[PDB]
Amino acid sequence: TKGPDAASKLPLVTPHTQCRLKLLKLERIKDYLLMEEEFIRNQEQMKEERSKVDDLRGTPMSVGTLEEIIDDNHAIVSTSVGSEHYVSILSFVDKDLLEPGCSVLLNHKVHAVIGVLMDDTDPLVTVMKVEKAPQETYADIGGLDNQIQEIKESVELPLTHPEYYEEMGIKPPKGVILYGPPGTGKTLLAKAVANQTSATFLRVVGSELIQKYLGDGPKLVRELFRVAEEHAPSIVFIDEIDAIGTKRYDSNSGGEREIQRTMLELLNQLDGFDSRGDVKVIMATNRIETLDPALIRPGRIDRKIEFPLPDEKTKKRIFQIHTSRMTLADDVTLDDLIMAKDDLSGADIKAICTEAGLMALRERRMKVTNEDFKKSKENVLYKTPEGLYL
Amino acid sequence: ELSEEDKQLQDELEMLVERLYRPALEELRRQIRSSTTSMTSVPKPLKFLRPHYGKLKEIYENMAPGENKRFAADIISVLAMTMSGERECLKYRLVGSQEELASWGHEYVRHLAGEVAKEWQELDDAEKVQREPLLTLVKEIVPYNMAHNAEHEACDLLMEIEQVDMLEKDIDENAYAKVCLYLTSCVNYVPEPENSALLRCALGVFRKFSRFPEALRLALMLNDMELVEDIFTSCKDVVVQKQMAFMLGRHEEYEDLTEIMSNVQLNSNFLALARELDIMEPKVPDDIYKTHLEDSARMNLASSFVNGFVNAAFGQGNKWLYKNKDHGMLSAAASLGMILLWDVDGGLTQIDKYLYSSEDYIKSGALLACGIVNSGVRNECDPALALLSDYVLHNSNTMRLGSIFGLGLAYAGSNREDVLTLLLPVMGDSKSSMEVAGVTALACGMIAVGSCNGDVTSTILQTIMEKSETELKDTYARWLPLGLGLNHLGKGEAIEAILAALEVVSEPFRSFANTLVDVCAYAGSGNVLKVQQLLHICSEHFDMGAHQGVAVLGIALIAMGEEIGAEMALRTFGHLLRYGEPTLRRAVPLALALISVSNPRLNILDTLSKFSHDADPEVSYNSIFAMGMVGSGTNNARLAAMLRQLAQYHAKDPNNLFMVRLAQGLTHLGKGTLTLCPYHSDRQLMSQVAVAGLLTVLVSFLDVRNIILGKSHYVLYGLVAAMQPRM
Amino acid sequence: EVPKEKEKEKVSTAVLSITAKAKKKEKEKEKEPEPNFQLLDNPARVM
Ligand SMILES: Nc1ncnc2c1ncn2[C@@H]1O[C@H](COP(=O)(O)OP(=O)(O)OP(=O)(O)O)[C@@H](O)[C@H]1O
Ligand SMILES: [Mg+2]
């Protein structure tokens, strides 16, 4: 329960089109940043008893795991060898931080209690922690307005307006799936939440909760959710949950049962016996028909958001987004692609724009043309018999 | 690659450069058809005549007038703008009689504009003769820009190194959205008085297009009351004149122009919008609190403050006022007058009834009630002026201490000579007491509102010239600098003389004087050199404290425009309190509050909370009041919840509980109907109204232990003077 | 001679990109032979 961590993001100069206004704004960023760096360097360069006490402290402090504190100055600790000891307790510890399972610090020679290390989170989870601020705010999310509204109600509003719900006793949703075809914005709508959310964001990948050591997966999951609850009123983004989410079956192998165990621990965390704090789960998947009702349940996953292949208006707005930063030719009408009802994803629109720019560059030009868009679509698109209907 | 036809063209170029001169000029210049090509980059002749660049340049050097030497300069200069060949050859080409650019491309136009710019920077005030041809150039280019919608680039040329009027005057019509908003942003971020240059440039654009309810607000950014009347003069349409009068008040047919300017009916508008979504409800403190969800005079003060901050100006007292114990001062009488804000009608009656009453704590409160009620509304029949001018003239505290702030409340932001003559002679206060002198300076400055009034500046200067060595460095003598700062706002570099005059003051003091004068000066505009000065003056370690405090408040005040700057300043202040001395830590919350008053963003809320439960009670008080100021006039959620958690944590801490309950009262302040935010218009006005109140509040809270937990409390009602409606 | 302990000086103001501009604006607005003898005393430190 340390409190929210979130991420540090510098301000975003509003202009994108190459402009002296953009230059001026970005030089404003530069000058304040240089000023911060100055203050740091200046003050920290321009500008006893505890020193000797910490010297007495064993220099190569080891880490054990406390077990069954006894008395006031004699606590039992362990070691990373399977052995354990009835070690002494010095006068340097704050005390009251020593609880069973606590990763304690110990002296190399004396093997006493010389610390508590109330900071031990597994590397496999701290690396997954998010501290960058990916610049994907809710401006490049063409259309998808209903999905963004739902996700905003789920994630933002019980942080920036915790009065609507308390006014009427209702409690905010705890989980949201984003499910759909290959390329719709299910990950952009997570990136933008990371951007505008002042709460900690936690990457997660389903293929990351499957661990080699038997029983380690349903401990990594506990570590993940304990870090989420302890460290922040946060958000946990399990991308590609179909990596562990498949329906539980009887199975006849060890690995499948272990994966199912990881699922069960995830479910116990989402809605177990005890409770859940202010951790909001955002899950992503390409197929929702291949998941366990256990995790698709509306107690752990209170909202489900389809991401259907964007319609005509959304597709228009997506070309708008992904060509805005390009030198367009006046002879280009961004409707030839719109009108055709060929399955076009948001990623497909992005690839069309990129490929079109490339064809122009090959034509020795730096501004798109209608023929270039036509060739780009034709050479980008990847993939009922006639007359069976009508 | 070099396709066969491409190599044939290359060989044609080789023969052309190896070989009398008329055909050479003709075909070499026509080969710029590649650049004129509407659909192409990489102009082949450019970069095909790369090895010949030196040969062509030396030929031009060893060239003389005649049939040649005229059109070869075009090719020389295009190969130049590709590589080398600066404006000397550019303008030699142009004198070669080709300025049209029609036979050249948008690329060459932009390159020419940049080249002209960079020669202009390279040059100084000397050799200005070359400028005039270059001015004719810029004049010839800009129409091309307004043709091909390169409005950003045209405005770039205009803003370049200086200010320009010809273009935005001749910028056509009905396509001014860019020259309006984009130049408004450039203005918002300019570092110099060529800010004001771009200000009246945009104003002139509006005037030329006869639609200036944006030069309306630009008038205030232009610190020129003369320009204010100049804009007011035309006002050809009474319909828009009405809106202009309303805007002026918030910041032919003479019957109602002055009435709207003075806002004799703003109370009516506010009450009508209150009826809209009525919240009219005389209340009880606990409901603003939630004590059920968990009689000291300190609790009396806290309850009165919360009740007033919430029900301000709703027209709803001695019975509950009577509970006084020493510090049980005129706080609650001022609270009642404030709950009666802008209600002169019943204000006269109630304040008279409660002025014909008991000792100072009931008459000084009545005078402050009159003033605070009159704040924001003016009339020809001056209200409370007679009482202020006649009563309470004797040398003493309490009485004048409240009366002068009441007069400031009545007529702040007016610069009226009558009240100036009332208050300046009365400023003489060596006869009277020290806090009285401070509040007199407070009112004088709050009326000056940056008027640069020589008389009031002289009064403050002579008052500070009157020096008692021990009195200066004890407490309660900093409002002389405060009044000086209020008298001088954002006038630019026109403060050096005042600084030199003040440089005579004693060394340990006058750090506050200089810093507060400087910050009340240029601010909101944003000057990187100035904020550098502020940060450095913070950064000198002293093994003074209030000097860094004023520096911090100044960083806040200066970084109140650009939101980009505000966020970077949030970062800087986090660093400051992290690697900072206790004085610096105490000052940081004030700066956060000024950055985001009544705009409770989670980042500031989180940072202040994390710094709240501090070992220094002063730090804790600053942080919790910062919470109150960020949440002021918003009813924001979870601020009250976390704040109640903070209170329960500090259950038995008297001062902490009082101040945190005050923060809750700020949180529920005005029930959302009033906000302390400066920048009333387009979030782009360093509003002379309520900036004085906010700055006074922050200066006072720079030291909370001595003044706030002392013998004065009028800071809160100064913050109320800053209050303004949100409807 | 005693080494005069110098004050702990800082780094320069760094280029805020209008520092030089401001300085230029302010500036514009403002606009024994050694002898060949010793004559040593009677006890002479003659090297
Ligand atoms: N509405 C949108 N606007 C712009 N780009 C979009 C939009 N929706 C999707 N994209 C594109 O999506 C790409 C990222 O992949 P996306 O989030 O769509 O994948 P997904 O299939 O939903 O999820 P996952 O990454 O878990 O496979 C980005 O390149 C972005 O261009
Ligand atoms: Mg995705």
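In chain A, numbers come from Swiss-Prot; the residues present are 40-86, 94-429, 434-440, in order.
This entry, so its header tells us, was determined using electron microscopy, 3.3 Å.
From the backbone N, Cα and C atoms, a Cβ is placed for every residue, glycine too.
Residues annotated as ATP binding site in Swiss-Prot, with sequence analysis given as evidence: A:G226, A:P227, A:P228, A:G229, A:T230, A:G231, A:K232, A:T233. Residues or ranges marked as ubiquitin cross-link by Swiss-Prot on the basis of experimental evidence: A:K237. The phosphothreonine annotation in Swiss-Prot covers A:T53, A:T434 and rests on a large-scale study or a structure entry. If you look up Swiss-Prot, you'll see A:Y439 marked as phosphotyrosine, on the strength of a large-scale study or a structure entry.
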### Task
Give me the Cα-Cα distance between A:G229 (ATP binding site) and A:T53 (phosphothreonine), rounded to a whole Å.
27
### Query
Going through the recorded positions A:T53, A:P227, A:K237, A:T434, A:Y439 in sequence order, which have a CB under 6 Å from an atom of ligand 1?
none
### Query
Between the recorded positions A:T53, A:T230, A:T233, where is the Cβ count within 10 Å the lowest?
A:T53
### Message
With DSSP assignments reduced to helix, strand and coil, which class does A:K237 (ubiquitin cross-link) get?
### Response
helix
### Query
Roughly how many Å separate the Cα of A:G231 (ATP binding site) from that of A:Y439 (phosphotyrosine), to the nearest whole number?
33
## Note on the structure
Check: min Cα-Cα distance from A:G226 (ATP binding site) over recorded positions A:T53, A:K237, A:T434, A:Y439 goes to A:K237
### Message
Between A:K232 (ATP binding site) and the residue listed as 'phosphotyrosine', how many Å separate their Cα atoms?
### Response
34
### Query
What binding-site residues among A:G226, A:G229, A:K232, A:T233 have a C-beta sitting less than 6 Å from any atom of ligand 2?
A:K232, A:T233
### Task
Please determine which of the recorded positions listed here (A:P227, A:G229, A:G231, A:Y439) has the lowest count of neighbouring CB atoms within 10 Å.
A:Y439
### Message
Can you check which residue among the binding-site residues A:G226, A:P228 has the largest number of Cβ atoms within 10 Å of its own?
### Response
A:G226
### Query
Nearest to A:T53 (phosphothreonine) by Cα, among A:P227, A:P228, A:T233, A:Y439 (recorded positions)?
A:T233
#### Entry: Between A:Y439 (phosphotyrosine) and A:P227 (ATP binding site), the C-alpha gap once rounded to whole angstrom
26
### Summary
Counting across all protein chains, other CB atoms within 10 angstroms of the CB of A:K232 (ATP binding site) number 26
### Local Cβ density at A:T434 (phosphothreonine) - other Cβ atoms counted within 10 Å
4
### Query
Are there any residues in the same chain, six or more apart in sequence, whose C-beta is under 8 angstroms from the C-beta of A:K237 (ubiquitin cross-link), and if so which?
A:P180, A:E182
### Neighbours of A:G226, A:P227, A:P228, A:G229, A:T230, A:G231, A:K232, A:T233 excl. site residues, C-beta within 8 Å of centre, ATP
A:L224, A:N332, A:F353, A:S391, A:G392, A:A393
### Inter-residue Cα distance where the pair is A:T434 (phosphothreonine) and A:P227 (ATP binding site), in Å
20
